[PDB]
């Protein structure tokens, strides 16, 4: 992995500058005892560019952690735009709130604390959709079901992005016993059979373990 990390540092040195709010969001993970699993700086910038191509005014994120990915995307929003992010762990949600406040995004970002599978039908009842872009990055086994709820909260042209769908190439092992690999494989099979979207999977290398993100556009 060394060449991929060195090339990622080359790219972030040109195009992946992180202000105090993004660095503080990263620094908050270890002091809070949270896992070091945010998107990378360059992945962050890529999510921001996708939100700009979507001309996104309304973004939904499942899985906030410390709000690193949230800050990157919310920075693409217009003044009147909104990002709703779902986080199960009340400690993660409190840390993310501090980090979003430090980024001056309190007004545009709403953190909802609970399981995505409980909150997604709430968003349906509220008529919270449709969203211009949806980022699925929570627990891995129910990605397939999160995608079905995302469709209910989409319009034609909505972008749905799902992170961690390759898992170091372990998705090739049909006999994998790892929950996160089985979750990825089931989601990828659903995505291959889904006639409601146009989709691809991007292999991703860099500072993080070899992985990939799925991208889908609602027909």
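Numbering follows the first chain given and starts at 1.
- Figure legend: residue 35 is marked as unmodelled in at least a third of the other comparable entries of the protein.
- According to the PDB record, 72 to 80 carries the higher mean C-alpha B-factor of the two stretches 72 to 80 and 139 to 147.
- Averaged over their C-alpha atoms, the temperature factors of 46 to 54 and 167 to 175 are higher for 167 to 175.
- Comparing the C-alpha B-factors of 199, 11, 207, 25 in the entry, the top value falls on 207.
- For residue 38, the recorded CA temperature factor ranks within the middle third of the chain's modelled residues.
- Among the modelled residues of the chain, residue 3 sits in the highest third by CA temperature factor in this PDB entry.
- In the deposited entry, the Cα temperature factor of residue 154 places it in the middle third of its chain's modelled residues.
- Ranked against the other modelled residues of its chain, the C-alpha B-factor of residue 125 as given in the entry falls in the highest third.
- Among all modelled residues in its chain, residue 189 ranks in the middle third by Cα B-factor.
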